[PDB]
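Working notes for the structure below.
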Amino acid sequence: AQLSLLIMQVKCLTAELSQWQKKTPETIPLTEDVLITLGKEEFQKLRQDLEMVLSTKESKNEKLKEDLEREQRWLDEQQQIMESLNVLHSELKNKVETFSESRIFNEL
Amino acid sequence: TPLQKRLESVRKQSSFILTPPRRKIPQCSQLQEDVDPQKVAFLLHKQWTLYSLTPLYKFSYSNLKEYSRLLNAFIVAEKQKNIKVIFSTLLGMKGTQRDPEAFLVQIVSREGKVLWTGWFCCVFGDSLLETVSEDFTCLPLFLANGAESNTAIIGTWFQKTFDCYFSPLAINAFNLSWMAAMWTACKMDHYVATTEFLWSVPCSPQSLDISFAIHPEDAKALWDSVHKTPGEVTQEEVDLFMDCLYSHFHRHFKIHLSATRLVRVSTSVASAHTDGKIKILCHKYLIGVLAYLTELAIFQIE
Amino acid sequence: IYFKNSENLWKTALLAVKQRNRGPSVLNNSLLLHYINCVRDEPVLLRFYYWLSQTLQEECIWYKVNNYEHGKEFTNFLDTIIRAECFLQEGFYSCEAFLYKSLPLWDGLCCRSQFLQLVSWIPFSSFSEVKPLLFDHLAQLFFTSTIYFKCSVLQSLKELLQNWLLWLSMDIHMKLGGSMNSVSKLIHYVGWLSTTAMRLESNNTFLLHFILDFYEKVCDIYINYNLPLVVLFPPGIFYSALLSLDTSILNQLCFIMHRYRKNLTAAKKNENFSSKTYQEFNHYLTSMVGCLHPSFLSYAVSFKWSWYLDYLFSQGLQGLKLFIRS
Amino acid sequence: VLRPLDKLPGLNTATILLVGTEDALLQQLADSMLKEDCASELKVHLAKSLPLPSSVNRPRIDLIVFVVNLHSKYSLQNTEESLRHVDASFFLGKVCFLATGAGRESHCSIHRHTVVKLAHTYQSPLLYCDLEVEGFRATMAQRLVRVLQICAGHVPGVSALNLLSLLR
Amino acid sequence: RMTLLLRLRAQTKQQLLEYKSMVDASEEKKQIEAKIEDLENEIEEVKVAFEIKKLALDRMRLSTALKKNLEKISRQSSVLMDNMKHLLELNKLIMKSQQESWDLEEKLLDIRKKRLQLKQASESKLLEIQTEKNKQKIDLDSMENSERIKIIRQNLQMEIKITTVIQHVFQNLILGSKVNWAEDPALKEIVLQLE
Amino acid sequence: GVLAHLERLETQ
DNA sequence: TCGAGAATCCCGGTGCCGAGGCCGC
DNA sequence: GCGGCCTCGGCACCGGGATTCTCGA
């Protein structure tokens, strides 16, 4: 049925796109109301999410300030291990690299 | 290649691209090289509780005495919280030459009363070898049989020293039906035990269990009814064998066995449970039964 | 037992002595996490992958027996995983491997806060090998769950966008096109995700706020990450927030498109984008700059054109400031 | 044989018809799907097999979720048998494949690929869950009820036909 | 009720949409790799056919809800406006809550960029340290020639093992006897024997 | 985070 | 052909780890 | 009536009795 369903899918998307293009925006029958019923409903829903989105965007900068402190601390511990590893690379360069086998036997 | 190969493997596995593994009927595995006849024969008719074992970091098949002492001194210390531990490479429990040699872990108590007899094997598990680095000696299968307390102690020791982790391998009833089908498809003679399928219906108040034990030769003749392509058993052939069982049980007792789940499939080749206490190895097909079991352990690890 | 001392009687004098001196396997190790952060070595990222896979499997099978009390250590362990990835900054290769395994089985709210922060740290794969495996399920639950899970995905994919664009910025630093096509397709698929989520919830302002929060990080691709990936709005969000009904979403869109103007101008300096992207942005401009109105009407009711401006502007409309100055 | 548009719709009635051999779990899912006081009438229907004994006055059925209990191969042999009595114009958007028992992964008589292959070869969404536990039911119930308002047309932007274009 | 009749209009303008789509599909009477391709080029083309349709619906809805609300300035007190003043307050509690956000996120972003620059840099540098330790591993193959290193190592191990025996019988002979151990300047350097 | 928060407006 | 010996199918009679109870803080 | 304590008991793996069936009186 996979192919028998793909063919009907393309046949149905064709009908739906030919019917959406038939759908002119029908704003003529829009609403007999003065739309205060829909207005003061939509602002009230706005009041329902605006408190509900300030409560989320306040936690957003809460976690962003907490993470700014945390990642500043991480960056500090990273530049420390960066300068430390760089100075270890420079020091381990031509200090332990200048190691002879016979000199290692003489140290023994 | 060292990790990204495993990531691509994980992608392939999670993709679930047309899985039905047409499997070769477990071929008579003539005992390869050494395979200590006394040891292997002791290892056959023992009810191994399967586990999935992640690859062991920094393991070597030379330092067996050091690990033996390190674990013996740990087990008897868990008694402080009489026992000898003998790591023993099995030398032949491997599918291909490149697989890691299977090695044992036996809690020998005075005499050779082997309390626990652990067993890590990696046979035909080259879907894990080619994805893990050289430092890890990967043995996906772990085999307990000793008390669960000692297994949950040696597993902790292995986690502590090797960074290997034991998930208890649970063969789902799908894989259980698969192995129940390829084991009545084998070419054996003198069937040791009847082909029993311990079903367990999902009733909420009660827990009725069914033992659909077939005569082993009668199930072979029933398998030949649904066996058409030789050499390899398909998912449809396995399902038709299982549905011939269903249509011989719902025919008789009017209860749809297909609405139940397999919990144990005893066969002349090898018994196999679900909850872990799975692999009894009646016959010497254990390199094929273990091949399936390791392939299933890869599924859990990977 | 464990350093339980008996010098407490002496610790009258010894507490005076303290006052006298005053006067006269690796996740729970932050000091060691820096090591694994710096070694992308084979036997350690694999010694660690196998622990994470078998901890996110065993302790997640632990859900199937409690699902209530085990749902607090798993949450607090996934929090440690999340923190370790935020520090170490690459997605653990068991974090995705557990996600593809446990996303299809996943519900909407079972450790949502942790699972949808794991998605953020997913090793950029192709968006052709990660889309069917994961994003085809972060749409299977995106379109069936409530707004409170919907906003938690375009936020999850918002952070995923940054965690992919970081690893692409230094892919410019450490010396593209086929990597380019991946973030572009991720953003379009979110841009496909975020036009139909706009339709499920009847243009809910909360959800489109998070949509723009995602797009607040799509305007600044060139300026921030040095990536030439200016991807404009799909109109199903652009005009849906243009003709929206609040300004905390209107000025949000205005900030995004101003950063879009800035990023396109910056891309014109260094250099398809030009033809169709500039056409679409001039479409989003002429239509909107002629349109720059309902939430502004709310302000005007609460309220000489320049004075109206000042009343605006002064009252927090900063995205409008950045546009109007541009 | 069920058809999507054989009956006329109501007003806010979104009639989903659960399909699964086990019926206590279907009853639990229906209870959880009506536990939340949604904005739509929710005349949930239950069943065992799609022949659906021919009783007129059955409303315009807006969703058939084939609850395939992965623990039991019967739930697939009774779904695949019941999948042949669904109209081909019904499989487009108004068909979901619930796979209860997934995630437990130890009782699964059915490999979850097989339900994946079944739900892909019929071109319909496949929503895993574990219906036995209310914690994964009271969130799958709010997924089936928002798919419901999509197929029943209650969200005035998305058809059932638009739905499968999202869950492919 | 009007809201309920509105939910009906909407629901029926979509149920008849589905009905007309199906009857048009019934009115009408292959390359599966492209059968999903000429399935995709509508799910993008119906998408541009109805996102513009919904976008025209929304613009004509907001234009009327603006003109209707343009009549709202002309009306009386409208306690709605008392609720909108607090929405201005909420906007201030969000657009200022975003004022940090385009700044806090900017700081976190260049913090993340610096951190990842030092992470790839540290991985390169620490890989250099590890390959230099590997170079010291070739220096390790410089001892396992074992022509005179092995014998001296063995006689060092067989002598320090006497020097860790005679030593610990000084920690046990200048302890058990009549030691007067540390009130003596000879033993004080011989007791407290360095390991 | 806003994910840990978005899990407590789902409840509340 | 038949009578004792060995092996092994059928189910014990045993071994041994979770569950329930129970006594200070 | 709880804290670390302890004691029955389902499940299950290993040890002889009677049925198979081969060989001697």
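If you're wondering about the labels, chains in the structure tokens are A, B, ... by order shown, residues count from 1 in each chain, ligands from 1 in order shown.
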Fewer than 6 positions away in the same chain doesn't count, so skip those; otherwise give me all residues within 12 Å of residue 22 of chain G, counting only C-alpha atoms (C1' of nucleotides), as a list in words.
-> residues 1, 2, 3, 4, 5, 6 and 7 of chain H
Suppose we keep N, CA and C atoms (P, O5', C5', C4', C3', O3' and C1' of nucleotides); can you now write the selection as a compact mmCIF listing (two decimals), in the first residue's frame?
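Result went into selection_17.txt, see below:
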# COMPACT_ATOMS: atom_id res chain seq x y z
P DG H 1 1.35 5.06 65.46
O5' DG H 1 2.93 4.99 65.20
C5' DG H 1 3.47 4.00 64.33
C4' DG H 1 4.95 4.22 64.11
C3' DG H 1 5.64 3.17 63.26
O3' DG H 1 6.80 3.72 62.64
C1' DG H 1 6.34 2.96 65.52
P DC H 2 6.98 3.64 61.05
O5' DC H 2 8.54 3.88 60.82
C5' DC H 2 9.06 5.21 60.77
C4' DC H 2 10.36 5.32 61.56
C3' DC H 2 11.56 4.62 60.93
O3' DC H 2 12.76 5.30 61.29
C1' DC H 2 11.06 3.60 62.99
P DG H 3 14.04 5.27 60.31
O5' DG H 3 15.17 4.52 61.16
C5' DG H 3 16.39 5.20 61.47
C4' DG H 3 17.53 4.22 61.75
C3' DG H 3 17.97 3.37 60.58
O3' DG H 3 19.34 3.03 60.74
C1' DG H 3 16.97 1.99 62.23
P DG H 4 20.24 2.67 59.46
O5' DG H 4 20.90 1.27 59.85
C5' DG H 4 21.64 1.15 61.05
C4' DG H 4 21.51 -0.25 61.64
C3' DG H 4 22.15 -1.37 60.81
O3' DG H 4 22.76 -2.33 61.68
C1' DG H 4 19.93 -1.89 61.22
P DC H 5 23.42 -3.67 61.09
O5' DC H 5 22.41 -4.84 61.53
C5' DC H 5 22.41 -5.31 62.88
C4' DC H 5 21.07 -5.94 63.25
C3' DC H 5 20.80 -7.30 62.66
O3' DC H 5 21.46 -8.31 63.42
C1' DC H 5 18.84 -5.95 62.59
P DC H 6 21.97 -9.65 62.69
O5' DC H 6 20.64 -10.51 62.46
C5' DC H 6 19.86 -10.94 63.57
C4' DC H 6 18.43 -11.20 63.15
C3' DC H 6 18.23 -12.46 62.33
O3' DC H 6 17.98 -13.57 63.19
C1' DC H 6 17.07 -10.62 61.33
P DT H 7 18.04 -15.07 62.62
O5' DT H 7 16.61 -15.30 61.95
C5' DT H 7 15.42 -14.91 62.63
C4' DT H 7 14.22 -14.97 61.71
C3' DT H 7 13.91 -16.35 61.14
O3' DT H 7 12.51 -16.57 61.14
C1' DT H 7 14.24 -14.82 59.37
Expected answer as an NGL selection string: alpha helix (DSSP H) residues in chain A | :A and (2-20 or 36-92 or 101-107)
Near segment 8-20 of chain G, within 10 Å and counting only C-alpha atoms (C1' of nucleotides), which residues show up once chain neighbours fewer than 3 positions away are dropped, as a ChimeraX atom specification?
-> /B:147-149,192-194 /H:7-15,19-20
Export, as a compact mmCIF listing (two decimals), in the first residue's frame, the selected residues with N, CA, C and O atoms (P, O5', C5', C4', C3', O3' and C1' of nucleotides).
# COMPACT_ATOMS: atom_id res chain seq x y z
N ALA B 147 25.99 -17.14 42.44
CA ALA B 147 24.86 -16.41 42.99
C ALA B 147 24.87 -14.99 42.44
O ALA B 147 25.90 -14.47 42.00
N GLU B 148 23.70 -14.35 42.45
CA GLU B 148 23.63 -12.96 42.02
C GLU B 148 24.46 -12.04 42.90
O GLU B 148 24.97 -11.03 42.41
N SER B 149 24.64 -12.38 44.18
CA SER B 149 25.49 -11.60 45.06
C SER B 149 26.94 -11.57 44.62
O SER B 149 27.54 -10.49 44.61
N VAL B 192 18.52 -34.09 22.89
CA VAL B 192 18.68 -34.28 24.33
C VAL B 192 17.39 -33.96 25.08
O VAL B 192 16.99 -34.71 25.98
N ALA B 193 16.72 -32.87 24.72
CA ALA B 193 15.56 -32.41 25.46
C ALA B 193 14.48 -31.93 24.50
O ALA B 193 14.75 -31.56 23.36
N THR B 194 13.24 -31.94 25.00
CA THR B 194 12.11 -31.48 24.21
C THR B 194 12.18 -29.98 23.99
O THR B 194 12.73 -29.23 24.80
P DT H 7 18.04 -15.07 62.62
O5' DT H 7 16.61 -15.30 61.95
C5' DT H 7 15.42 -14.91 62.63
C4' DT H 7 14.22 -14.97 61.71
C3' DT H 7 13.91 -16.35 61.14
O3' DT H 7 12.51 -16.57 61.14
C1' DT H 7 14.24 -14.82 59.37
P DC H 8 11.91 -18.01 60.75
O5' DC H 8 11.11 -17.73 59.40
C5' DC H 8 10.52 -18.80 58.68
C4' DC H 8 9.64 -18.27 57.56
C3' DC H 8 9.31 -19.29 56.49
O3' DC H 8 8.15 -18.88 55.78
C1' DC H 8 10.83 -17.71 55.62
P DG H 9 7.27 -19.95 54.97
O5' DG H 9 6.99 -19.23 53.57
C5' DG H 9 7.59 -17.98 53.28
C4' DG H 9 8.21 -17.99 51.90
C3' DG H 9 8.03 -19.30 51.12
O3' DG H 9 7.66 -19.03 49.78
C1' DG H 9 10.31 -18.72 51.21
P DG H 10 6.55 -19.93 49.05
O5' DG H 10 6.74 -19.59 47.50
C5' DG H 10 6.42 -18.29 47.02
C4' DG H 10 7.35 -17.87 45.89
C3' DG H 10 7.47 -18.87 44.74
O3' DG H 10 7.59 -18.17 43.51
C1' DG H 10 9.60 -18.54 45.73
P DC H 11 7.66 -18.96 42.12
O5' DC H 11 9.23 -19.03 41.80
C5' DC H 11 10.01 -17.83 41.85
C4' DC H 11 11.44 -18.09 41.43
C3' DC H 11 11.62 -19.11 40.30
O3' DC H 11 12.66 -18.67 39.44
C1' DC H 11 12.79 -19.84 42.23
P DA H 12 12.94 -19.41 38.05
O5' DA H 12 14.33 -20.15 38.30
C5' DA H 12 15.28 -19.56 39.17
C4' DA H 12 16.31 -20.59 39.61
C3' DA H 12 16.58 -21.70 38.60
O3' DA H 12 17.97 -21.96 38.53
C1' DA H 12 16.06 -22.63 40.67
P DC H 13 18.71 -22.05 37.11
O5' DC H 13 19.98 -22.98 37.41
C5' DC H 13 20.94 -22.56 38.37
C4' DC H 13 21.34 -23.71 39.28
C3' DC H 13 21.94 -24.92 38.57
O3' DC H 13 23.10 -25.36 39.27
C1' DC H 13 20.18 -25.61 39.96
P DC H 14 24.04 -26.52 38.65
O5' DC H 14 23.82 -27.77 39.63
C5' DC H 14 24.48 -27.79 40.90
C4' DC H 14 23.99 -28.95 41.76
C3' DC H 14 24.52 -30.33 41.38
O3' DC H 14 24.59 -31.14 42.55
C1' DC H 14 22.19 -30.32 41.11
P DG H 15 25.51 -32.46 42.58
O5' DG H 15 24.51 -33.61 43.08
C5' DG H 15 24.01 -33.57 44.42
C4' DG H 15 23.02 -34.70 44.68
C3' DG H 15 23.47 -36.09 44.25
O3' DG H 15 22.95 -37.04 45.18
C1' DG H 15 21.50 -35.52 43.09
P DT H 19 8.91 -47.86 36.54
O5' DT H 19 9.41 -47.44 35.07
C5' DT H 19 8.95 -46.24 34.46
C4' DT H 19 9.57 -46.01 33.08
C3' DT H 19 9.41 -47.14 32.08
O3' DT H 19 9.43 -46.60 30.76
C1' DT H 19 11.70 -46.96 32.72
P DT H 20 9.11 -47.51 29.48
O5' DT H 20 10.33 -47.20 28.49
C5' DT H 20 11.61 -46.86 29.04
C4' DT H 20 12.61 -46.59 27.93
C3' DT H 20 12.65 -47.63 26.84
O3' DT H 20 13.31 -47.09 25.71
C1' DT H 20 14.46 -47.94 28.38
May I have the residues within 7 Å of segment 31-37 of chain B as an mmCIF file with N, CA, C and O atoms, in the first residue's frame, using only C-alpha atoms (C1' of nucleotides) and disregarding those fewer than 5 positions away in the same chain?
data_model
loop_
_atom_site.group_PDB
_atom_site.id
_atom_site.type_symbol
_atom_site.label_atom_id
_atom_site.label_comp_id
_atom_site.auth_asym_id
_atom_site.auth_seq_id
_atom_site.Cartn_x
_atom_site.Cartn_y
_atom_site.Cartn_z
ATOM 1 N N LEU B 90 40.154 -19.296 27.600
ATOM 2 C CA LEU B 90 39.512 -20.499 27.089
ATOM 3 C C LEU B 90 40.128 -21.012 25.796
ATOM 4 O O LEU B 90 40.027 -22.213 25.519
ATOM 5 N N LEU B 91 40.754 -20.142 25.003
ATOM 6 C CA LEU B 91 41.525 -20.550 23.830
ATOM 7 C C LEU B 91 40.672 -21.353 22.846
ATOM 8 O O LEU B 91 40.906 -22.535 22.594
ATOM 9 N N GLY B 92 39.693 -20.673 22.261
ATOM 10 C CA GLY B 92 38.882 -21.295 21.236
ATOM 11 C C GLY B 92 37.455 -20.804 21.175
ATOM 12 O O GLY B 92 36.747 -21.094 20.205
#
Quick one: everything within 10 Å of residue 296 of chain B, counting only C-alpha atoms (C1' of nucleotides), minus sequence neighbours fewer than 2 positions away in the same chain. Send it as a list in words.
->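 Close residues of residue 296 of chain B: residues 52, 125, 140, 141, 169, 170, 171, 172, 175, 290, 291, 292, 293, 294, 298, 299, 300, 301 and 302 of chain B.
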With a distance threshold of 6 Å and counting only C-alpha atoms, extract the residues of chain D near chain C and express them as number ranges by chain.
-> D: 128-129, 143, 146-147, 157, 167
Contacts of segment 13-19 of chain A at 9 Å or less, counting only C-alpha atoms (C1' of nucleotides), minus same-chain residues fewer than 5 places along, as a ChimeraX atom specification?
-> /A:8 /D:161-162 /E:17-18,20-25,28,39,42-43,45-47,49-50
Find the residues near residue 64 of chain B: any atom within 10 Å, counting only C-alpha atoms (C1' of nucleotides), skip ones fewer than 6 places away on the same chain, and give them as a PyMOL selection string.
-> chain B and resi 70+86-89+103
Could you tell me how far atom CA of residue 1 of chain E lies from atom CA of residue 24 of chain A, in Å and to one decimal?
->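 Atom-to-atom, atom CA of residue 1 of chain E to atom CA of residue 24 of chain A, that is 26.9 Å.
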